[PDB]
Amino acid sequence: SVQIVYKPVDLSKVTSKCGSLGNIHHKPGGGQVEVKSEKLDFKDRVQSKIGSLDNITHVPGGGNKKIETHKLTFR
Amino acid sequence: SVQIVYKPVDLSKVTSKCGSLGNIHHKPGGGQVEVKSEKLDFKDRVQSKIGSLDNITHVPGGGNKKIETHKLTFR
Amino acid sequence: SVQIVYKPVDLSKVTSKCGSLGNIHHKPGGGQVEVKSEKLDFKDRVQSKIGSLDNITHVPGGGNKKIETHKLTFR
Amino acid sequence: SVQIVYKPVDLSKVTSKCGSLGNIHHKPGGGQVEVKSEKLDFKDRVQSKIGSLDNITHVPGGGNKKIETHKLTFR
Amino acid sequence: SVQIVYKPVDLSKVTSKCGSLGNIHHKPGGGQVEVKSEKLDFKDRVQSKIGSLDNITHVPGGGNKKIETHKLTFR
């Protein structure tokens, strides 16, 4: 016979305290952008991006993260 | 015979406290963008993006995250 | 014989507290955008985007997230 | 004879600029206040104040001030 | 004869610029206040203040000040 008992116990805490959060300034792409092109030949696909793209400001009050995985395999 | 007992127990906490959150400024793409093109030849697909695109400001009060996976496989 | 008992127990909490949230400014694409084109030839598909597109301001009071997966497979 | 010409000229400016103003917290008198009195004798006037009184939060966007006095006296 | 010409000229500026102003916390009088009195005698006037009184938070965006005085006296 085979008995398997799987009783993990989790009383954990993940916690943050912050008195104040702020005065955040993100200013990407303030300068001048000039692109001059003459007599170009493209035979295959082209992807072009010019300017200010995909810039992120991310300011969570907590931003705390907890990842837990359990697996029991029997063969 | 085979007995499998699967009793994980989770009393965990994920928590944040923030006294104040703010005064956030995101200013992408303030500068001038100039694109001059003459005599270009494209034989295949073109994708072009010019200016200020896909910029994100994300300011959650909490933003706390908890991921948990359980799997029991029997063969 | 085979017995499988699957009794996970979850008393978890995910929580945030924020005293105040605000004064958020997102100003993408303030600058001037100029695009001058002469004598261009395109033989295949074209996608073009000019200006200020797909910019996001996302400010949830909580924004807390809890993902849980359970699977039991028997063969 | 007497001539008096009084021609002051004022082209002055007083100015402020503020991008954002806020997330201000004023919390006076959070603690406990206990006052126990036995066998007191007062022969003249009494003024008493107990608790949280006359607390001020003052948050003007400008709050700019200009004072000007002119006087001409003749005897 | 007497001529008096009074022509002061004022082209002055007083100016401020602030990108962001905030996350200000004022918490006076958080502790406990206990006042026990027995067998006191007062023959003249009494003024008493107990607790949290007359606390100020003052947050002007500008708060710029210009004072100017002119006087011409003739005897």
# chains A, B, ... in the order shown; residues from 1 in each chain; ligands from 1
>>> residues_around(residues="residue C:7", least_positions_apart="3", cutoff="10 Å", atoms="only C-alpha atoms", output="ChimeraX atom specification")
/A:7 /B:5-9 /C:4,10
>>> interface_residues(of="chain C", to="chain A", cutoff="9 Å", atoms="only C-alpha atoms", output="PyMOL selection string")
chain C and resi 8+12+16-18+28-29+31+55+63-64
>>> select_by_dssp(residues="chain E", states="strand (DSSP E)", output="ChimeraX atom specification")
/E:2-6,9-10,13-18,21-26,33-42,46-53,56-58,65-74
>>> write_last_selection(atoms="C-alpha atoms", output="compact mmCIF listing (two decimals), in the first residue's frame")
# COMPACT_ATOMS: atom_id res chain seq x y z
CA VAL E 2 9.83 125.63 -6.05
CA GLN E 3 9.25 122.77 -8.52
CA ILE E 4 9.06 119.15 -7.36
CA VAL E 5 8.72 116.41 -9.98
CA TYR E 6 8.10 112.90 -8.57
CA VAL E 9 9.19 104.18 -12.70
CA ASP E 10 8.71 100.48 -11.80
CA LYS E 13 8.80 91.42 -11.75
CA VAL E 14 8.45 88.94 -8.87
CA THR E 15 7.85 85.41 -10.14
CA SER E 16 7.94 81.74 -9.27
CA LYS E 17 7.68 78.51 -11.18
CA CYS E 18 7.12 75.13 -9.54
CA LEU E 21 3.97 70.85 -5.02
CA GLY E 22 2.58 68.24 -2.64
CA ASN E 23 2.64 65.14 -0.43
CA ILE E 24 2.59 67.34 2.71
CA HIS E 25 1.67 65.73 6.05
CA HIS E 26 1.10 67.73 9.28
CA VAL E 33 -2.73 64.16 27.08
CA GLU E 34 -3.71 63.59 30.72
CA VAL E 35 -4.37 66.43 33.22
CA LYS E 36 -5.29 65.50 36.82
CA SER E 37 -5.95 68.32 39.32
CA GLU E 38 -6.93 68.25 43.03
CA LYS E 39 -7.32 71.05 45.60
CA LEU E 40 -6.38 74.11 43.52
CA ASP E 41 -7.37 77.67 44.46
CA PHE E 42 -7.43 80.56 41.97
CA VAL E 46 -7.65 81.87 34.51
CA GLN E 47 -7.09 80.99 30.84
CA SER E 48 -6.59 77.31 30.01
CA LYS E 49 -6.01 75.46 26.71
CA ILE E 50 -5.67 71.64 26.58
CA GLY E 51 -5.31 69.49 23.45
CA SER E 52 -4.49 70.48 19.84
CA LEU E 53 -5.12 74.16 19.07
CA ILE E 56 -1.66 75.66 10.65
CA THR E 57 -0.90 74.08 7.28
CA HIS E 58 -0.37 76.82 4.67
CA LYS E 65 4.80 89.33 -2.01
CA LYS E 66 5.48 92.89 -3.21
CA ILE E 67 5.27 95.91 -0.86
CA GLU E 68 5.86 99.47 -2.08
CA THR E 69 5.51 102.77 -0.21
CA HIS E 70 5.68 106.30 -1.64
CA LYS E 71 5.43 109.49 0.36
CA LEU E 72 6.18 113.09 -0.46
CA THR E 73 5.86 115.63 2.35
CA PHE E 74 6.03 119.39 1.82
